[PDB]
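This is entry_11.pdb. It holds PDB, C-alpha atoms.
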MODEL        1
ATOM      1  CA  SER U   1      74.569   1.468 280.362  1.00  0.00           C
ATOM      2  CA  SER U   2      78.029   3.052 280.684  1.00  0.00           C
ATOM      3  CA  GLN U   3      80.534   4.717 278.323  1.00  0.00           C
ATOM      4  CA  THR U   4      84.065   3.748 279.374  1.00  0.00           C
ATOM      5  CA  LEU U   5      84.979   1.440 282.260  1.00  0.00           C
ATOM      6  CA  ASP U   6      86.080  -1.872 280.720  1.00  0.00           C
ATOM      7  CA  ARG U   7      88.378  -4.689 281.880  1.00  0.00           C
ATOM      8  CA  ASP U   8      92.110  -3.881 281.681  1.00  0.00           C
ATOM      9  CA  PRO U   9      93.598  -4.365 278.121  1.00  0.00           C
ATOM     10  CA  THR U  10      96.012  -7.273 277.486  1.00  0.00           C
ATOM     11  CA  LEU U  11      98.545  -6.281 274.804  1.00  0.00           C
ATOM     12  CA  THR U  12     101.708  -8.195 273.887  1.00  0.00           C
ATOM     13  CA  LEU U  13     105.028  -6.399 273.299  1.00  0.00           C
ATOM     14  CA  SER U  14     107.868  -7.723 271.148  1.00  0.00           C
ATOM     15  CA  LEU U  15     110.747  -8.372 273.535  1.00  0.00           C
ATOM     16  CA  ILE U  16     113.805  -6.836 271.821  1.00  0.00           C
ATOM     17  CA  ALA U  17     117.386  -6.839 273.170  1.00  0.00           C
ATOM     18  CA  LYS U  18     118.944  -3.380 273.649  1.00  0.00           C
ATOM     19  CA  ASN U  19     122.473  -2.254 274.481  1.00  0.00           C
ATOM     20  CA  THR U  20     123.690  -5.468 272.846  1.00  0.00           C
ATOM     21  CA  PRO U  21     127.480  -5.750 273.603  1.00  0.00           C
ATOM     22  CA  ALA U  22     129.802  -5.702 270.558  1.00  0.00           C
ATOM     23  CA  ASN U  23     131.176  -8.991 269.181  1.00  0.00           C
ATOM     24  CA  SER U  24     128.571 -10.761 271.357  1.00  0.00           C
ATOM     25  CA  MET U  25     125.947 -13.291 270.256  1.00  0.00           C
ATOM     26  CA  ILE U  26     123.073 -14.435 272.461  1.00  0.00           C
ATOM     27  CA  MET U  27     122.190 -18.149 272.598  1.00  0.00           C
ATOM     28  CA  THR U  28     118.435 -18.012 273.230  1.00  0.00           C
ATOM     29  CA  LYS U  29     115.257 -16.762 271.498  1.00  0.00           C
ATOM     30  CA  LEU U  30     113.381 -13.674 272.740  1.00  0.00           C
ATOM     31  CA  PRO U  31     109.590 -14.276 273.299  1.00  0.00           C
ATOM     32  CA  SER U  32     106.975 -11.517 273.684  1.00  0.00           C
ATOM     33  CA  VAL U  33     105.509 -10.492 277.067  1.00  0.00           C
ATOM     34  CA  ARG U  34     101.969 -10.067 278.449  1.00  0.00           C
ATOM     35  CA  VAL U  35     101.292  -6.847 280.385  1.00  0.00           C
ATOM     36  CA  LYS U  36      98.269  -5.452 282.243  1.00  0.00           C
ATOM     37  CA  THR U  37      97.270  -1.792 282.734  1.00  0.00           C
ATOM     38  CA  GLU U  38      94.752  -0.406 285.237  1.00  0.00           C
ATOM     39  CA  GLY U  39      93.432   1.864 282.475  1.00  0.00           C
ATOM     40  CA  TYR U  40      91.677   1.880 279.092  1.00  0.00           C
ATOM     41  CA  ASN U  41      93.445   2.887 275.850  1.00  0.00           C
ATOM     42  CA  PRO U  42      91.202   2.005 272.828  1.00  0.00           C
ATOM     43  CA  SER U  43      93.996   3.520 270.696  1.00  0.00           C
ATOM     44  CA  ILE U  44      96.870   5.767 271.816  1.00  0.00           C
ATOM     45  CA  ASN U  45      98.910   4.504 268.847  1.00  0.00           C
ATOM     46  CA  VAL U  46      99.651   1.070 270.338  1.00  0.00           C
ATOM     47  CA  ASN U  47     102.353   0.938 267.668  1.00  0.00           C
ATOM     48  CA  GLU U  48     104.561   2.950 270.017  1.00  0.00           C
ATOM     49  CA  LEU U  49     104.767   0.262 272.717  1.00  0.00           C
ATOM     50  CA  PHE U  50     107.835  -1.922 273.295  1.00  0.00           C
ATOM     51  CA  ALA U  51     109.692  -3.688 276.110  1.00  0.00           C
ATOM     52  CA  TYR U  52     113.495  -3.758 276.419  1.00  0.00           C
ATOM     53  CA  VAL U  53     116.073  -5.404 278.667  1.00  0.00           C
ATOM     54  CA  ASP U  54     119.416  -3.935 279.745  1.00  0.00           C
ATOM     55  CA  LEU U  55     122.763  -5.516 278.861  1.00  0.00           C
ATOM     56  CA  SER U  56     125.164  -3.102 280.577  1.00  0.00           C
ATOM     57  CA  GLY U  57     127.366  -6.210 280.999  1.00  0.00           C
ATOM     58  CA  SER U  58     128.881  -8.999 278.911  1.00  0.00           C
ATOM     59  CA  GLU U  59     130.282 -12.400 279.834  1.00  0.00           C
ATOM     60  CA  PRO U  60     129.602 -16.046 278.623  1.00  0.00           C
ATOM     61  CA  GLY U  61     127.165 -16.711 281.522  1.00  0.00           C
ATOM     62  CA  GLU U  62     123.439 -17.412 281.997  1.00  0.00           C
ATOM     63  CA  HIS U  63     122.296 -14.061 283.425  1.00  0.00           C
ATOM     64  CA  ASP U  64     118.706 -13.412 284.491  1.00  0.00           C
ATOM     65  CA  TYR U  65     117.500 -10.055 283.106  1.00  0.00           C
ATOM     66  CA  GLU U  66     114.488  -8.181 284.473  1.00  0.00           C
ATOM     67  CA  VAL U  67     111.752  -6.977 282.121  1.00  0.00           C
ATOM     68  CA  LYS U  68     111.872  -3.162 281.901  1.00  0.00           C
ATOM     69  CA  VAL U  69     108.708  -1.530 280.530  1.00  0.00           C
ATOM     70  CA  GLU U  70     108.379   1.930 278.982  1.00  0.00           C
ATOM     71  CA  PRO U  71     106.840   4.452 281.515  1.00  0.00           C
ATOM     72  CA  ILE U  72     103.459   5.762 280.276  1.00  0.00           C
ATOM     73  CA  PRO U  73     102.988   9.560 280.994  1.00  0.00           C
ATOM     74  CA  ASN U  74      99.187   9.197 281.337  1.00  0.00           C
ATOM     75  CA  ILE U  75      98.249   5.659 282.507  1.00  0.00           C
ATOM     76  CA  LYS U  76      99.575   3.298 285.204  1.00  0.00           C
ATOM     77  CA  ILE U  77     101.057  -0.211 285.084  1.00  0.00           C
ATOM     78  CA  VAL U  78      99.831  -3.226 287.086  1.00  0.00           C
ATOM     79  CA  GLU U  79     102.457  -5.937 286.550  1.00  0.00           C
ATOM     80  CA  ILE U  80     104.299  -8.196 284.094  1.00  0.00           C
ATOM     81  CA  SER U  81     104.258 -11.908 283.250  1.00  0.00           C
ATOM     82  CA  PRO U  82     106.872 -13.309 283.227  1.00  0.00           C
ATOM     83  CA  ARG U  83     108.782 -10.692 285.273  1.00  0.00           C
ATOM     84  CA  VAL U  84     112.317 -11.989 284.664  1.00  0.00           C
ATOM     85  CA  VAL U  85     113.949 -14.132 281.941  1.00  0.00           C
ATOM     86  CA  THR U  86     117.133 -16.175 281.441  1.00  0.00           C
ATOM     87  CA  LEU U  87     119.257 -15.471 278.350  1.00  0.00           C
ATOM     88  CA  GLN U  88     122.488 -17.319 277.569  1.00  0.00           C
ATOM     89  CA  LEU U  89     125.366 -15.142 276.357  1.00  0.00           C
ATOM     90  CA  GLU U  90     128.041 -16.431 274.005  1.00  0.00           C
ATOM     91  CA  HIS U  91     131.131 -14.839 272.463  1.00  0.00           C
ATOM     92  CA  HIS U  92     131.563 -14.438 268.685  1.00  0.00           C
ATOM     93  CA  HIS U  93     134.318 -14.137 266.068  1.00  0.00           C
ATOM     94  CA  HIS U  94     137.129 -16.438 267.212  1.00  0.00           C
ATOM     95  CA  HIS U  95     139.686 -13.625 267.470  1.00  0.00           C
ATOM     96  CA  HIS U  96     141.413 -12.292 264.351  1.00  0.00           C
TER      97      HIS U  96
ENDMDL
END
Write the structure described by the file as structure tokens, please.
Amino acid sequence: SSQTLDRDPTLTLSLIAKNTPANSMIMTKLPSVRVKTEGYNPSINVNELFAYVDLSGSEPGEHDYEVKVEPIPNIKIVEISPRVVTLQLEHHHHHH
């Protein structure tokens, strides 16, 4: 006997790598992520929802990158799961 007010939505975002260094090739697959929001968006063009990690650095090492979500100018975020991931970086093109 109520209009809105329903459990938080659980949508999965395609984890894509951004700021990918040049001549660099990652050695690990990128899996989606499960996020929770303390709100209710039956629509809001869910198409425009993605998660991206920062790669402001490059070096053949196993660096742990934090999951950075896209701020929503209307609703609030609750948390992420996982919250951090390990991606192996490897060089490419054996010189000239």
Nearby residues (only C-alpha atoms) at most 12 Å from residue 5 in chain U, same-chain spacing under 5 positions excluded, as a short mmCIF file (atom, residue, chain, number, x, y, z; two decimals) with C-alpha atoms, in the coordinates of the input:
data_model
loop_
_atom_site.label_atom_id
_atom_site.label_comp_id
_atom_site.auth_asym_id
_atom_site.auth_seq_id
_atom_site.Cartn_x
_atom_site.Cartn_y
_atom_site.Cartn_z
CA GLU U 38 94.75 -0.41 285.24
CA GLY U 39 93.43 1.86 282.48
CA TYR U 40 91.68 1.88 279.09
CA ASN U 41 93.44 2.89 275.85
CA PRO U 42 91.20 2.00 272.83
#
Ground truth for the PyMOL selection byres ((chain U and resi 55) around 9), written as a list in words: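 With the shown file as input, the PyMOL selection byres ((chain U and resi 55) around 9) matches residues 17, 18, 19, 20, 21, 53, 54, 56, 57, 58 and 65 of chain U.
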Nearest residue to residue 91 in chain U out of U:69, U:77, U:15, U:26, using all atoms listed in the file? U:26
Expansion of the PyMOL selection byres ((chain U and resi 64) around 12) into residues, as a CSV table (one decimal) with C-alpha atoms, keeping the file's coordinate frame:
chain,number,residue,atom,x,y,z
U,53,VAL,CA,116.1,-5.4,278.7
U,54,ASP,CA,119.4,-3.9,279.7
U,55,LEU,CA,122.8,-5.5,278.9
U,57,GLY,CA,127.4,-6.2,281.0
U,61,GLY,CA,127.2,-16.7,281.5
U,62,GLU,CA,123.4,-17.4,282.0
U,63,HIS,CA,122.3,-14.1,283.4
U,65,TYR,CA,117.5,-10.1,283.1
U,66,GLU,CA,114.5,-8.2,284.5
U,67,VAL,CA,111.8,-7.0,282.1
U,82,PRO,CA,106.9,-13.3,283.2
U,83,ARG,CA,108.8,-10.7,285.3
U,84,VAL,CA,112.3,-12.0,284.7
U,85,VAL,CA,113.9,-14.1,281.9
U,86,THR,CA,117.1,-16.2,281.4
U,87,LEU,CA,119.3,-15.5,278.4
U,88,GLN,CA,122.5,-17.3,277.6
U,89,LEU,CA,125.4,-15.1,276.4
For CA of residue 93 in chain U and CA of residue 16 in chain U, the interatomic separation in Å (one decimal): 22.5 Å
Residue 14 in chain U: which residues within 9 Å, counting all atoms listed in the file, same-chain residues fewer than 5 positions away excluded, as a VMD selection string? chain U and resid 30 to 33 49 to 52
Take the residues from that selection and put them in a file with C-alpha atoms, as a PDB file, keeping the file's coordinate frame.
ATOM      1  CA  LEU U  30     113.381 -13.674 272.740  1.00  0.00           C
ATOM      2  CA  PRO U  31     109.590 -14.276 273.299  1.00  0.00           C
ATOM      3  CA  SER U  32     106.975 -11.517 273.684  1.00  0.00           C
ATOM      4  CA  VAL U  33     105.509 -10.492 277.067  1.00  0.00           C
ATOM      5  CA  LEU U  49     104.767   0.262 272.717  1.00  0.00           C
ATOM      6  CA  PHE U  50     107.835  -1.922 273.295  1.00  0.00           C
ATOM      7  CA  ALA U  51     109.692  -3.688 276.110  1.00  0.00           C
ATOM      8  CA  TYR U  52     113.495  -3.758 276.419  1.00  0.00           C
TER       9      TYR U  52
END
Report, as JSON, the centre and edge lengths in Å (one decimal) of the axis-aligned box enclosing every listed atom of range 50-68 of chain U, padded by 3 Å on each side.
{"center_x": 119.1, "center_y": -9.7, "center_z": 278.9, "size_x": 28.4, "size_y": 21.5, "size_z": 17.2}
Nearest to residue 27 in chain U by atom-to-atom distance, counting all atoms listed in the file, from U:96, U:81, U:60, U:1: U:60
To one decimal place, how far is CA of residue 46 in chain U from CA of residue 28 in chain U in Å? 26.9 Å
Here is a test: counting only C-alpha atoms, which residue of U:36, U:92, U:80, U:7 is nearest to residue 68 in chain U?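 When distances to residue 68 in chain U are compared using only C-alpha atoms, the smallest one comes from U:80.
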In Å, with one decimal, what is the gap from CA of residue 6 in chain U to CA of residue 43 in chain U? 13.9 Å
